[PDB]
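# Geometric and topological summary
Letter by letter, the chains look like this.
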Amino acid sequence: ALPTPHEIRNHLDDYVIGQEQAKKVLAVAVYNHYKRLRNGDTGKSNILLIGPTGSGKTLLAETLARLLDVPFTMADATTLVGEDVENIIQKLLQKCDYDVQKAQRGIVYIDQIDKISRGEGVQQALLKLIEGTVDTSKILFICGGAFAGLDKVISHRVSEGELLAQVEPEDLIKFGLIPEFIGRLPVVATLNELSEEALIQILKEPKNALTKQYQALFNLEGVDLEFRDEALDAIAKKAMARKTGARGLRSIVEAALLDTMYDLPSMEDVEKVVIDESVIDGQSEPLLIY
Amino acid sequence: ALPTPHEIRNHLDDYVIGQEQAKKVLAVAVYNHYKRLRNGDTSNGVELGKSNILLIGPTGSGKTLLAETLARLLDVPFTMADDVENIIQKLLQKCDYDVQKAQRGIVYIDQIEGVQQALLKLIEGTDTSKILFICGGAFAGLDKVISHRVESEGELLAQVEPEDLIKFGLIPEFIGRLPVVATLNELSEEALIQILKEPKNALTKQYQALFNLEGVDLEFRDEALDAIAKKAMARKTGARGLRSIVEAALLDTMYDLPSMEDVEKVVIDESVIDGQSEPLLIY
Amino acid sequence: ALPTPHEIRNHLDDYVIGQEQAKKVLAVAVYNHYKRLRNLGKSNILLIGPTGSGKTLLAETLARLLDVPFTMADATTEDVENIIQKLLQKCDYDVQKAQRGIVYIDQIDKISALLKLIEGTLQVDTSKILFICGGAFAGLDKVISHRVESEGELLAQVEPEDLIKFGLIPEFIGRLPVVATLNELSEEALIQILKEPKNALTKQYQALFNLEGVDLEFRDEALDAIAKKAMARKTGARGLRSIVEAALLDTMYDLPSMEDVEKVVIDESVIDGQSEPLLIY
Amino acid sequence: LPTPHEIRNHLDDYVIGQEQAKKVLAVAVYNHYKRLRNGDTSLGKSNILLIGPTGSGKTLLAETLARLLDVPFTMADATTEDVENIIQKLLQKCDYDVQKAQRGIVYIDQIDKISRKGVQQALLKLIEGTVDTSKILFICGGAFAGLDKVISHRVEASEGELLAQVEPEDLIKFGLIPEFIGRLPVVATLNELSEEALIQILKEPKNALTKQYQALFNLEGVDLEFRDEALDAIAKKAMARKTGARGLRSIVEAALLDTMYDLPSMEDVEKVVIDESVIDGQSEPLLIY
Amino acid sequence: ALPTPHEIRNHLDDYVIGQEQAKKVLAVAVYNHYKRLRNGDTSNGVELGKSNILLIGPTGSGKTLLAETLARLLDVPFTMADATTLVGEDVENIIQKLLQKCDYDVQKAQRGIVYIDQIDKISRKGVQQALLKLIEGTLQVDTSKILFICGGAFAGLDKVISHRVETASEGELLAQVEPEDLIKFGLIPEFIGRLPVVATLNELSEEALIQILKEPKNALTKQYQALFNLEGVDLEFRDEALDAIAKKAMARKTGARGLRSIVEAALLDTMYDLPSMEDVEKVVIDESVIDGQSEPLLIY
Amino acid sequence: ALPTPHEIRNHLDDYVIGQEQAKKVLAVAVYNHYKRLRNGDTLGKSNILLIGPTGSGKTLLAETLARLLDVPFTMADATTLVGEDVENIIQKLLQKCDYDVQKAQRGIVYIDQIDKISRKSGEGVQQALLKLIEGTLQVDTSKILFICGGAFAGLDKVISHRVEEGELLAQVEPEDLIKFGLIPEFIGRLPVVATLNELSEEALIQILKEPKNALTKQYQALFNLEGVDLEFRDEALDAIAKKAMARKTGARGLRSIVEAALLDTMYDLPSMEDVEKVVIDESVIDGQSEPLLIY
Ligand SMILES: Nc1ncnc2c1ncn2[C@@H]1O[C@H](COP(=O)(O)OP(=O)(O)OP(O)(O)=S)[C@@H](O)[C@H]1O
Ligand SMILES: Nc1ncnc2c1ncn2[C@@H]1O[C@H](COP(=O)(O)OP(=O)(O)OP(O)(O)=S)[C@@H](O)[C@H]1O
Ligand SMILES: Nc1ncnc2c1ncn2[C@@H]1O[C@H](COP(=O)(O)OP(=O)(O)OP(O)(O)=S)[C@@H](O)[C@H]1O
Ligand SMILES: Nc1ncnc2c1ncn2[C@@H]1O[C@H](COP(=O)(O)OP(=O)(O)OP(O)(O)=S)[C@@H](O)[C@H]1O
């Protein structure tokens, strides 16, 4: 039984924060794609994700795959080679037990599509798959990307989110994509820039959140790691100022706990408390409790 | 067995709307091209002239679509272009590297001095003599030069002459290679409405089928279709910007559709233009 | 008795007219050539005019007016002496009369060996025969402009150095002292272009229709009508195909769907364009 | 498991300087084996990326870390079905023990060389894990020449001050793919050059200078012997000129020039190269008949 | 018997006007070349250096004329060639042509002269290296023996030399010419070293041009007087008209190559309706040339 | 039997004057190259990079080494460089080698003006020619010896900005060539680096006299078959030397001076009857005074 776009967006709220509009657009696009497949046809319903780095694009594509127990595989548009284009396919079969049908129900995420925008040979080569020649007609294609200059071209025609909403196929044309490639991506879902509160929730809520990991790394040391809310907010701010999105959270946390993890096993105390001054300033050492 | 110019123009009506004249011209020229290849370059002691095509129409008129359609209709290898020999190898990529079938192919050049002469060597052939070349282009200033000689845009583009293209910016040795000149006309408001309804793959039909497998009947009131037309003209996106309007109009409805139980959903003009009013729902 | 340049240009007006000034240069060039043989510059000729200006027709007419063996040759196509043997073929293999012959070389501007002939070396010598080298010279209109600082006024300022920068070598241009530039072509010469050539428009379409099982017939009135239509648009012969195609469009569109003997193109089909071609079953 | 202190302390006995990278390595290494000994969780990959000039001691550090933890070690060149060859070689020096081979360390040299600016994705399959390669620690070394430039075009002192401002995006623009960099969370950067490392360069490699010349002399019927003092001299000379490992041949050649000129015109058993020959350059290499 | 360089330059004065210095350089270059061939490549244990020539002068200066003249004066097989038409198998085509005008005699073909026009055109600023294979020497004939004269205007050469000598007129600057200047121009060192002898020509003058229209046995005036002569009409060129023609040629910078283009255009009308008249003679005045409006005087 | 580096440097003294240090380097470099091939390897490529001013004798050295080892030699200009044109150098090596695969693998290949392709298409050539240097007709380019001349103008500077002309070129380092415009993978293929010096007045003078084919000997012979004895006073030869140095044309700019000095003299020589012509410094430096004629 296929989950309604409601059940899909609902389950997406359990992994990705915000981007509600992008999760509605994806839910509908996904439901329509598998609803069209389970009825043997009689639109390709392929997807183009347009959002900043660390917005949750790749996470969304992987989540959709799990929620539908469907074989999923990634790929970078930078590593693209015509015989390497089918390599993505064999990888989908590898994680599909080499089942032709279940592999046709699969989802394929292509990262950094905005990077190959003239390169044009890759667009046309990968274009052969999107259409279909196992047949690649059945599988869903999700093309992520940051599209930097895109925010400019759209403005030259019409916040960053309000501008990305007025996105048009002609805008992607001027950006560097070819017509025949854009016509294969009818569904365009745009994600907004993550705020601070979302980032803080990413550091806490998820079952694999950074804090939980380090609290577990410090836990097997016999030490209790405590992240004060001020410290988490500081990390969020530290990440935004670097525009690294949620991808630049670990690079902050590691740098903050570096010294402490170094001379931790050579100490004997109860717990270590990380304050905001430890993050922002980076000068002050973390609180130590014996 | 080659499809008569009638059969070709007929199948072209199933994907492209209007431009009936451009379709006759394309149908004839295409028929003569492949009728020429099967018989041979030389026929009865006389050498037959290659009839390459030059599409002259506004952006989003259907030039690229036409070229594509013609290729599919004739199950012939097709490839676009905007390194000159790179186009050929690509034609070979989609042709299974078959030399013969790749000579029967069609090559569309979009947005048509050194490049003119470099691409000219292909048009002639060195083989690239066999393949058909369709050169698209909007030719903005062309509407002016023609007016300064002959003394709507369609009536003027009909008076197009090889000399007009010369003054435009093309070289004589390149234009002589494009005997067939097909001109597409300005799309009308009524034309757009027909694009949403008439074609066998028109938008309304796609969605009426998407909603249909939901057990729901989707009904587009003519007002809504006219609204979609205007909305598309104000954005100058032509026919390319139609889907972006329909999707946006039916976004909310498709979201919580499989979560309801009703007979049909009706899209009024208020749902398109205003975008504030939700589509009528009938249980 | 050799015809004075007057008589030569006068007879040239029966086959070609228009811009003039080349029929004079050619008349002078030609007169001097045979006035020099029957008794000193080589007096070879270089025709520089748009396609369909009547360069080819001009060359042939000159041959007929002087009852002299004529033969053409494409600059695009041991093969160099092939032109000679052909000149002997139309000359009854008469060495002397073949030396008085005229040779026209088309599309010279495209090649920017043959030089060895122009000079002169079968046993016949190529020093005696007159060489007329035609060509459109597209980029030539530009190089002249970048120096002197209508296309006709520019082609009048033509200089051997302009042909050099164009793509012609000095030793080859020095062999062609006489340089004639023509624009437009006479109505008659146009009619002959649609007929005479081995690749004439009517022959092509007559062959195109021929493989349909249909016989295409062009009435002289139609050919005349195509000629005028071409002059009114100043497109010359380059604007001939754009008339024929437009005249035979409808016919070729629903031709493969018919079953009839032949199709006849009257003048009413061309000029008026309203009346449909005569159809015979 | 040895504390990062004990680890950094033992690293000081084989490599000089680069204390910061040695801390970064001690922590990342400790956290990697501390995470394996507890079977993850009933956790980051903790993989390492070494960014330092050639001859800085990257390779040396990787080997030392392996010996200090009595863990199976194996190298590999990013320049050279062959991806799993490194694994079988790791099992070769591990007595084919699956478990002990999983706790092993793998050093990949010249990663900056494969930066497209397929191998990255192929090797990426291992970093993730499919014996499973998930358990083993990966240390990816490299000089990253153009890296010093891209960081400067973003941050806007010494190369060391710029390599400290290194960011994942800088590597992206350099030529590395996102999915590959995300696998190397730990980035340690070396500054100055290592002396003992250089000496190992002149000896250890299968194509080392001394080995090449000893052979050149060998086909002369002469045994070339390099005294460790001379090799040390050559290392120092290379550091003073900041030429690194690239400026070693230019030193050896210059040191063996006169010898090779009038060697074929002599008849003796072997030539010995002392430190006096190299540093002073005044004394001629000892000759034995 | 070989003509002393003097006899060579003297005979060069009968076909070329001015350019005395370059004629001197050629005379010596030519004399030594054949004086070298007859004696043999090697002379008295020492190997004599091949002295090929590089002519550097404006267009229509007389470069081609000098090369041809030298060839006739020594009754030696001559052949031209353009550096623009240059193809490695086409480089030997020049040789087969030399054999064609030499009755396929190997030895006499080796004594031949080969003029290469527009060398300055092939300056990259391959062919230089391909043609360089001939200059050195490798049908079975060897190209070592044949003398090579490489012509060329070298437009930009007048500039580079100025940017060097500075640390007068074009003539004074071309005199300061140096192999390194040709290097910077666009010629490869190995190619320039093959052209030791460098003769430069000066830009023609009015007085010279007028003598060009008169003195030579094939001067334009003599040709047209002959063309008019077989018409029964005597053509008279007034010195003023000849002067006018000179000036017209100078203003166009066409040199001596643009003289015929001036005479033809001046005598066009006259030659057109000449065979349709019956008079004694025609006299071309300056008014007929410069103004071009006035028709030539007609005498019955 | 391979000639010891001594014998090699010795025979190089008989064609090239000075450059002793470079000759030694080349002598070792060459001997090791053919000592390594003769034993079928088993080893460094032993490829050479000549760095000297124009007309110092780089090309001469390469040609002399070839002849001394009776080995097929061929040149090539880095300027004329096309990836399929690089193998043209090979077919040419086979042309002068009677198309013998083995002997063509023993050959020497000189590439002139390498300093010119330094990107400071150029880099593309370096990497293209680099494929040869490594080794891939059917002949392999791993066996043949590659010598790459070049003036390296700006090199004199970069070296100075580091060490802080001959004494500076001696301090040459592979990193200096890097900054110059050569890629690392290319320089690493040219381990041996011989540097030449700017020919001294005395060296130039010797060039005009000593060589069995010296200019003076040629002209003395050309004049000799005229029945005239040519005398070059040492002052004139030095005068010519200075003239060639001020122009920087190295030794390539010698003939261009002598021919110019003896122009007028050879013009009206066959038209005279005297014993001998004596060329004083005044004939060259002044250029104004005519040569001394003796009857
Ligand atoms: N909206 C979100 N809600 C919750 N977690 C998020 C969100 N966005 C990112 N993350 C987390 O932050 C990490 C960022 O990595 P990715 O999701 O791969 O970034 P990305 O934006 O998909 O990178 P791209 O688009 O391929 S350049 C992921 O592991 C997510 O778990
Ligand atoms: N006359 C028409 N009838 C039906 N659909 C059309 C028509 N014109 C355009 N379209 C559709 O709108 C889209 C516009 O893309 P194209 O057809 O490539 O436009 P185009 O005018 O060919 O663009 P150019 O000429 O390359 S700038 C196509 O995907 C067509 O499906
Ligand atoms: N110094 C001169 N004395 C007499 N007649 C000359 C002189 N220079 C040129 N002419 C004549 O003017 C004509 C000019 O043509 P050329 O001699 O071919 O010019 P050119 O300078 O040789 O052209 P190049 O060097 O090949 S670009 C020749 O036919 C000569 O007869
Ligand atoms: N050291 C030397 N001893 C004797 N003769 C020399 C010496 N150097 C140059 N020559 C002569 O002077 C001439 C100069 O030409 P080349 O040797 O080609 O100059 P080059 O320095 O090799 O030029 P490059 O390296 O290609 S820029 C040669 O013909 C040599 O015969």
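Residues numbered from 1 in each chain as written, not as in the entry; some residues may be left out. Chains lettered and ligands numbered in written order. Heavy atoms only, no water. Residues with missing side-chain atoms left out of burial classes, pairs and counts.

The next point concerns the overall build of chain B. Scanning chain B from N- to C-terminus turns up 15 helices and 10 strands. If you line up chain B on its principal axes, its C-alpha atoms span 75 × 50 × 35 Å. (Helix = DSSP H or I, 4+ residues; strand = E, 2+ residues; numbered from the N terminus.)

So, on to the nonpolar core. Core analysis: the largest hydrophobic core is formed by 58 residues, its most contacted members being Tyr214, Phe218 and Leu257 of chain A together with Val29, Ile48 and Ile139 of chain D. Considering each element in turn, this core owes the most residues, 9 residues, to helix α2 (residues 19-36) of chain D. When sequence neighbours within four positions are dropped, the list of residues in contact with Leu257 of chain A reads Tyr214, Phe218, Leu225, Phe227 and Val274 of chain A. (Core = buried A, V, L, I, M, F, W, Y, C linked by side-chain atoms within 4.5 Å. Buried < 20%, exposed > 50% of the residue type's maximum accessible area, 1.4 Å probe, protein only. Contact = heavy atoms within 4.5 Å.)

What follows covers the interface of chain E and chain F. The interface of chain E with chain F comprises 28 residues on the first partner and 25 residues on the second. Put simply, the parts of the chain that give the side of chain E that touches chain F at least two residues each are α1 (5-12), α2 (20-39), β2 (46-47) and α10 (179-185) of chain E. By residue number, the principal contributor to the side of chain E that touches chain F is α2 of chain E, which donates 8 residues. The residue inventory of the side of chain E that touches chain F, partitioned by class, reads 11 nonpolar, 10 polar and 7 charged. (Nonpolar A, V, L, I, M, F, W, Y, C, P; charged D, E, K, R; others polar.)

Attention now moves to the site of ligand 1. Residues and elements named next belong to chain A. Near ligand 1, the surroundings consist of 16 residues, among which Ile17, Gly54, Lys57, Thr58 and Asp111 are the closest. Note that an oxygen atom of ligand 1 is positioned 2.9 Å from one of the backbone N or O atoms of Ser55. Contact between ligand 1 and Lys57: an oxygen atom at 2.6 Å from a side-chain N or O atom of the residue. The protein chains hide 78% of the 650 Å² of surface that ligand 1 would expose on its own. Broken down by element, the residue count for the shell around ligand 1 peaks at 3 residues, all from helix α3 (residues 57-67). Partitioning the shell around ligand 1 into residue classes produces 9 nonpolar, 5 polar and 2 charged. (Near = heavy atom within 4 Å. Polar contact = N/O pair within 3.5 Å; in protein donor to acceptor, adjacent residues only side chain to side chain. Areas by Shrake-Rupley, 256 points an atom, 1.4 Å probe, with all protein chains shown as cover.)

With that settled, the discussion passes to helix α11 (residues 196-204) of chain A. For α11 of chain A, every residue scored as buried is listed here: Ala198, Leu199, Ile200 and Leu203 of chain A. Elements in contact with the buried residues of α11 of chain A: α12 (210-217) and α13 (229-240) of chain A.

A word on the domain arrangement of chain E. Residues and elements named next belong to chain E. The assigned domain composition of chain E is domain 1 (1-202) and domain 2 (203-300). Taking only C-alpha atoms into account, the centre of domain 1 sits 34 Å from that of domain 2. Listed per partner, the contact involves 10 residues of domain 1 and 10 residues of domain 2. The class makeup of the residues in the side of domain 1 that touches domain 2 is 4 nonpolar, 5 polar and 1 charged. (Domains from an automatic or database assignment.)

Residue and element names in this part refer to chain B. You can read the domains of chain B as domain 1 (1-185) and domain 2 (186-283). Centre-to-centre separation of domain 1 and domain 2, based on C-alpha positions: 34 Å. The interface of domain 1 with domain 2 comprises 8 residues on the first partner and 9 residues on the second. Taking both sides of the interface into account, the surface hidden between domain 1 and domain 2 amounts to around 710 Å²; carbon and sulfur atoms contribute 60%. If you sort the residues of domain 1 by the area they bury against domain 2, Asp14, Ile17 and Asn185 come out on top, with a joint share of 61%. Our enumeration of links across domain 1 and domain 2 arrives at 1 salt bridge. The partner of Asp14 in a salt bridge is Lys200, and the shortest N-O contact between them spans 3.3 Å. Across the domain 1-domain 2 interface, the total number found is 2 residue pairs in polar contact. Looking at the side of domain 1 that touches domain 2, its residues break down into 3 nonpolar, 4 polar and 1 charged. (Buried area = accessible area lost by both parts, 1.4 Å probe. Salt bridge = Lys/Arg side-chain N within 4 Å of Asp/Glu carboxyl O.)

Residues and elements named next belong to chain A. On the surface, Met267, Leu288 and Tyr290 cluster together into a nonpolar patch covering about 320 Å² of accessible area. Tracing the sequence through the fold places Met267 in the loop between α14 (250-262) and β7 (271-274). Judged by its relative accessible area of 37%, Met267 is partly exposed. (Patch = residues over 30% accessible without salt bridge, like charges linked within 9 Å, V, L, I, M, F, W, Y side chains within 5 Å.)

Residues and elements named next belong to chain B. Looking at the element boundaries, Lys23 is found in helix α2 (residues 20-39). The class for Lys23 is buried, based on a relative accessible area of 0%. At 3.0 Å, the side chain of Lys23 and the backbone oxygen of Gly18 are in polar contact. Ignoring anything within four residues of it in the chain, the contact list for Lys23 reads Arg9, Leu12, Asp13, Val16, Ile17, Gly18 and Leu66.

Residues and elements named next belong to chain C. The sheet built from 5 strands is open, its strands ordered β2-β3-β4-β1-β5 with parallel pairing. Each of the sheet's edge strands pairs with one partner strand only, and the pair in question is β2 (70-71) and β5 (178-181). Taken together, the 2 bridges between strand β1 (residues 45-48) and strand β4 (residues 130-133) define a ladder with parallel strand orientation. Paired with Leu46 across the two strands is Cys133, which belongs to β4. In the packing of helix α3 (residues 55-65) onto the sheet, contacts are made with β1, β2, β3 (102-105) and β4, and the angle to β3 comes to roughly 175 degrees. (Pairing = 2+ DSSP bridges. Axes fitted to C-alpha atoms, helices over the stretch in contact; angles between N-to-C directions.)

This next bit is on the packing of α12 of chain A against α14 of chain A. Residue and element names in this part refer to chain A. The geometry of α12 relative to α14 is characterised by a closest axis approach of 11 Å and an angle of 20 degrees between their N-to-C directions. In terms of their interaxial angle, α12 and α14 are classed as roughly parallel. Like other packed secondary-structure pairs, α12 and α14 cross with a definite hand, here right-handed. From α12, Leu210, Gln213, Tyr214 and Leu217 reach across to α14, where they touch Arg250, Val253, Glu254, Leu257 and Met261. A breakdown of the residues in the contact of α12 with α14 according to their chemical character gives 6 nonpolar, 1 polar and 2 charged. (Parallel < 35°, antiparallel > 145°, perpendicular 65-115°, else oblique. Left-handed = near helix turned anticlockwise from the far one by under 90°.)

Turning to helix α1 (residues 5-12) of chain A, its buried residues are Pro5, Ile8, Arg9 and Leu12 of chain A. Down the axis of α1 of chain A, the smallest arc covering the buried residues is 90 degrees, so these residues share one side. On its buried face, α1 of chain A sits against α2 (20-37) and α3 of chain A together with α14 (243-255) of chain B. (Arc of directions from axis to C-beta.)

Right, let's talk about the interface of chain B and chain C for a bit. The partner chain C presents 21 residues to the 23 residues of chain B that form the contact. The element best represented in the side of chain B that touches chain C is α2 of chain B, accounting for 8 residues. Each residue belonging to the side of chain B that touches chain C can be placed in one class, and the counts come to 9 nonpolar, 8 polar and 6 charged.

Let us now look at the site of ligand 3. Residues and elements named next belong to chain E. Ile17, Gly60, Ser61, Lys63 and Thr64 are the nearest of the 14 residues found near ligand 3. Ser61 is positioned such that a nitrogen or oxygen atom in its backbone is 2.7 Å from an oxygen atom of ligand 3. Elements supplying a minimum of two residues to the shell around ligand 3: α3 (63-73) and β5 (113-117). If one sorts the elements of the shell around ligand 3 by residue count, α3 sits on top with 3 residues. Within the shell around ligand 3, the residues separate by chemical class into 7 nonpolar, 5 polar and 2 charged.

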